[PDB]
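> Show me the folded form of this:
(2 chains)
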Amino acid sequence: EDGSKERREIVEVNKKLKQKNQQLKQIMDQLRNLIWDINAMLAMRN
Amino acid sequence: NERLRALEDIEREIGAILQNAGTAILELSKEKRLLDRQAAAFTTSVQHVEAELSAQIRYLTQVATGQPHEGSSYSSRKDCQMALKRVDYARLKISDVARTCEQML
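Numbering: from 1, shown residues only, chains lettered A, B, ... in the order given. Please see the structure below:
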């Protein structure tokens, strides 16, 4: 830390990846919630 | 569907050609072929029709005291329709997820 005495492309790629993760999680949420789809309905499922 | 077909045949043969053939020979006052066939179908056909009707009437006679002769009466055909509804809702949800994916990419 101490002794008691260029990054434009990087930030651009970082923001792009962050937006990508955001839209990815947005796409996730739907199938994530609808994933079970039989759990509450095992009473008659087979 | 044996009894249903028998009832349908009896209904189709109730108004047979015997009732309409009783006015054919009386018009034939100029020539006398097989015209004798217009005589055997006078009462024998009606007698046979009445016999068949009485026979059909004397069936099992299920209805005796209450409400017998059931047969639908029962289970989850309703829940089968509900399962079709589940299929439809899963279709809707899959379509919504595909639309969300398309919007995301």
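
> Kindly report the residues of chain A close to chain B.
A:23-24, A:26-27, A:30-31, A:34, A:37, A:41, A:44 (C-beta under 8 Å from any C-beta of the partner chain). All C-beta spots, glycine's among them, are computed from the backbone N, C-alpha and C.

> for residue B:21, what are its contacts?
Counting by C-beta atoms under 8 Å, 6 or more residues apart in numbering or on different chains, residue B:21 touches B:38, B:41.

> Residue B:83 too?
residue A:44.

> Flag every buried residue along the host helix or strand of it.
Element membership for residue B:83 (DSSP states H and E) is helix B:77-104. By 16 or more other C-beta atoms under 10 Å in any protein chain shown, the buried positions in helix B:77-104 come out as B:86, B:97, B:100.

> okay, the residues you listed in TSV with distance to chain A next?
Formatted as TSV, these follow (distance: C-beta to the nearest C-beta, whole Å):
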residue	distance to chain A
B:86	7
B:97	4
B:100	5
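
> Centre of the chain to the helix holding residue B:83, how far?
Centroid separation for helix B:77-104 versus its chain: 39 Å, with C-alpha atoms, centre = their mean, to the nearest Å.

> Could you do stretch A:5-15 as well?
On the basis of C-alpha atoms, centre = their mean, stretch A:5-15 sits 21 Å off its chain's mean C-alpha point.
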